[PDB]
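The structure appears right after this line, and notes come after that.
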Amino acid sequence: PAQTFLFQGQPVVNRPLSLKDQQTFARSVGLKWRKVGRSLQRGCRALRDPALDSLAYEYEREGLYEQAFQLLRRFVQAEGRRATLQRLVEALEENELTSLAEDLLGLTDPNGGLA
Ligand SMILES: *[C@@H]1O[C@H](CO)[C@@H](O)[C@H](O)[C@H]1NC(C)=O
């Protein structure tokens, strides 16, 4: 993976997903975890069908927060250090979650508008 990438025309540092990234994602995406998973399926064989249905079977009854957290756990389990901030941010941008992407990248003004 590259050490940097371009986001919104801005250079940002890449890294493996962090615990903080996973918590922030799980706190925010809700039902959109499935659409983000669909985006991640394209570059992650281990998330291809029926893996998202398996995740739902195992965790839907534990709630929306836990399902989203477990999506990223499976991504990291499969890809290791190649499960990067860049790949997650790209999936978020595709799925109309740019504010969340900015949060992960540290670009969000903490005292800005409510998202
Ligand atoms: C993914 O798409 C397939 C085909 O429509 C569907 O059967 C499956 O339940 C979907 N998995 C989800 C939405 O988690």
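In case it helps, the entry's author numbering puts the sequence shown at residues 198 to 312. Where a beta carbon is used, it is the ideal one built from N, C-alpha and C, also for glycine.
- Measuring C-alpha to C-alpha distances from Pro-198 to each of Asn-211, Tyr-254, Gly-234 and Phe-204 identifies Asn-211 as the nearest.
- Secondary structure note for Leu-252: it is in no beta strand (DSSP E), and the uninterrupted alpha helix (DSSP H) holding it is 248–256.
- For the pair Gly-234 and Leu-249, the CB atoms are nearer than the 7 Å cut-off.
- Secondary structure at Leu-203: strand, using DSSP grouped into helix, strand and coil.
- Taking a contact to require three or more Cβ pairs closer than 8 Å, the segment 210–225 and the segment 276–293 qualify as touching.
- Your pair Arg-245 and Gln-238 checks out as a contact, with CB atoms roughly 5 Å apart and the cut at 8 Å.
- For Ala-312 against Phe-266, the beta-carbon gap comes to about 20 Å, at or over 8 Å, which does not count as contact.
- In the DSSP annotation of this structure, the continuous segment of the alpha helix (DSSP H) that includes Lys-217 starts and ends at 216–225.
- In this structure, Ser-251 keeps its C-beta atom at 7 Å or more from the C-beta atom of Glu-291.
- According to the DSSP secondary-structure assignment, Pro-213 is paired through a beta bridge with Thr-281.
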